[PDB]
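A single chain comes next, written as structure tokens; it is the form deposited without 6-carboxylysine (6CL).
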């Protein structure tokens, strides 16, 4: 027990969520190393997770330095999770060892699930199974459509600039953009946000005009930004698009329990 808490040569682990955070029902526990991990099974073995009420869960790797852990279903509101990353000096393979141990405790807030349905072009926000907000929306147009699936709410911004080059699409090109936006809530690592779009209010509710983001009105975007937290859920249904890769970053729930469970330790 020479521990360090997770605030929100060798390899350091970094665990999300951070100590004390309150997170939405889809927040997976995340352990991310600063080095690639030859011996996944080892790293998994060194990570103890307790939950109360107890719930079964399992590890799946998003890449070679990041493991994730989650239940089969969304968390039940109330659950406390404690994470013990007992990795100090542990054999992680090919001459790499855990630099230290790491701890975190977190808790699960309300069930918040927002469904965007391309049939109606409404994004309906549900807190504990009840409709508290209904927002006309406008998504990827057919030629750059919004992927179907379940997205985990990641970070939030009062203002930023989305630049398509970040995703290997030049600004000068036909799907290019470098756009200033307010009240931006990120929901995929591939660049999908729910955000203020005063330029598509006319279209919100009628027609997809965006590059992929869920355009909503300025006050609904602000509302989304005020009431939403990491781990809350946006589900997108019925678009002409594909499915959001399970290994996106915020795609976890699109892998099915069974593929997930089986893990990918090797």
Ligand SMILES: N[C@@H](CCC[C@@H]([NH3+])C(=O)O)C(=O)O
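Positions refer to the first chain, counted from 1. Basically, rigid core = biggest C-alpha set you can superpose within 1.5 Å across the two forms.
Once the rigid core is used to overlay the structures in 6 other deposited structures of this protein, the stretch among 9-17 and 248-256 whose CA atoms lie farther from this form is 9-17. Looking at 110-118 and 155-163, the one farther from the shown form in 6 other deposited structures of this protein by average CA distance, after a rigid core fit, turns out to be 155-163. A chain break between residue 265 and residue 266 is not present, all residues of the deposited sequence in that interval being modelled. Stretches compared: 158-166, 94-102. Higher mean C-alpha B-factor in the entry: 94-102. If you average the C-alpha B-factors over 47-55 and over 216-224, the higher value belongs to 47-55. Sorting 196, 186, 87, 173 by the CA temperature factor given in the entry leaves 87 at the top. Residues shown: 67, 237, 42, 234. Highest C-alpha temperature factor in the entry: 42. In this PDB entry, the Cα temperature factor of residue 111 sits in the middle third of its chain's modelled residues. Among all modelled residues in this chain, the alpha-carbon of residue 191 has a temperature factor (C-alpha) in the lowest third. Ranked by C-alpha B-factor against the other modelled residues of its chain, residue 246 falls in the middle third. Ranked against the other modelled residues of its chain, the C-alpha B-factor of residue 256 as given in the entry falls in the highest third. Ranked by Cα temperature factor within the chain, residue 71 sits in the middle third according to the deposited record.
Another form exists, deposited with 6-carboxylysine (6CL) bound; not displayed. Remarks below refer to it.
The partner is absent here; in the deposited complex, the one residue of 115, 120, 190, 79 having a heavy atom within 4.5 Å of 6-carboxylysine (6CL) is 190. Site annotation in the deposited complex: the residue of 31, 221, 234, 213 reaching within 4.5 Å of 6-carboxylysine (6CL) with a heavy atom is 213.
You can rule out all but one of 224-232, 42-50, 66-74, 204-212: in the deposited complex, only 204-212 has residues with a heavy atom within 4.5 Å of 6-carboxylysine (6CL).
Residue 177 belongs to the set of residues with a heavy atom inside 4.5 Å of 6-carboxylysine (6CL) in the deposited complex. Though the partner is left out of this view, residue 135 does not reach within 4.5 Å of 6-carboxylysine (6CL) in the deposited complex, counting heavy atoms only.
When contacts are judged by a 4.5 Å heavy atom cut-off, residue 83 does not count as touching 6-carboxylysine (6CL) in the deposited complex.
A residue is said to contact a partner when one of its heavy atoms sits within 4.5 Å of a partner heavy atom; residue 162 meets this definition for 6-carboxylysine (6CL) in the deposited complex. Residues 195, 199 are the ones in 193-207 with at least one heavy atom within 4.5 Å of 6-carboxylysine (6CL) in the deposited complex, listed in sequence order.
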